[PDB]
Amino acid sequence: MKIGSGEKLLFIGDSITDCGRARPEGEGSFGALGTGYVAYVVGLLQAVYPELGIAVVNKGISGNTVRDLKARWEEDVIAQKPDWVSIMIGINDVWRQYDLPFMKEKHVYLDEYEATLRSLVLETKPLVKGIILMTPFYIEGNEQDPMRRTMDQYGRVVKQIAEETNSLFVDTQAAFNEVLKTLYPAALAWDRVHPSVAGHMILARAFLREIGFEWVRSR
């Protein structure tokens, strides 16, 4: 278990993280944590590690790119004084290039994405105990679909930033890919991005595996 007792864990990201969380505070009840992977992570940690004693905050905002995260970083992350910061961002950075290809101001291309995400992680690292970087993902099994291909490229950036900064790393793409050996995307997400309960469990399980969660603790 990487997270220690008494620590504040803060999750930030886009709609995948948001899932109807309470605005602005994003804390104070599960209602406040929204209805997806964040709530499931916290629930399972409480079910299996109730003594862990963690405080949890959800600052996900629907629609965000890393550019949006940067504009609110000071208030929504630094000022919350978390011990651990989990980030999952890139889906919209990429998706806008494909769904609104001619509105270029909505796009966050790979150069802006890497520089901005790198910079948020470098600035934040000295202020906290740890960072978890979760790749964006696209629920699509064909590596040569253009959006999947670009999303994998964004994920490489996240992975390389995690390496360089000694952050924990969750490859969310790899978690979906495993299930995508059996299921066509639409069985998890009609839109290849916003999934069912099952997709949120895929995410929660990937996160928990990386922080050293055990389903049944051996001690």
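In this text, residue numbers run from 1 along the sequence as written.
*Asks:* On mean C-alpha B-factor from the PDB entry, just flag whether 127 to 135 or 87 to 95 is the higher one.
*Replies:* If you average the C-alpha B-factors of 127 to 135 and of 87 to 95, the larger mean comes out for 127 to 135.
*Asks:* Could you settle it for me: does 21 to 29 or 201 to 209 have the higher average Cα B factor in the PDB entry?
*Replies:* For C-alpha atoms only, the mean B-factor is higher in 21 to 29.
*Asks:* Based on the PDB record, which member of 52, 188, 175, 44 exhibits the highest Cα temperature factor?
*Replies:* Top of the list by C-alpha B-factor: 52.
*Asks:* Among 147, 79, 100, 115, single out the one with the highest C-alpha B factor in the record, please.
*Replies:* Among 147, 79, 100, 115, the highest C-alpha B-factor in the entry belongs to 79.
*Asks:* Which third, lowest, middle or highest, does the C-alpha temperature factor of residue 108 belong to within its own chain?
*Replies:* CA B-factor rank for residue 108: lowest third.
*Asks:* Going by the CA temperature factor in the PDB record, which third of the chain does residue 159 belong to: lowest, middle or highest?
*Replies:* For residue 159, the deposited C-alpha B-factor lands in the highest third.
*Asks:* So where's residue 58 on the chain's Cα temperature factor ranking, which third?
*Replies:* Its C-alpha B-factor belongs to the middle third of this chain's values.
*Asks:* Could you look up the Cα B-factor of residue 168 in the entry and say which third of the chain it sits in: lowest, middle or highest?
*Replies:* Ranked within chain, residue 168 CA B lands in the highest tercile.
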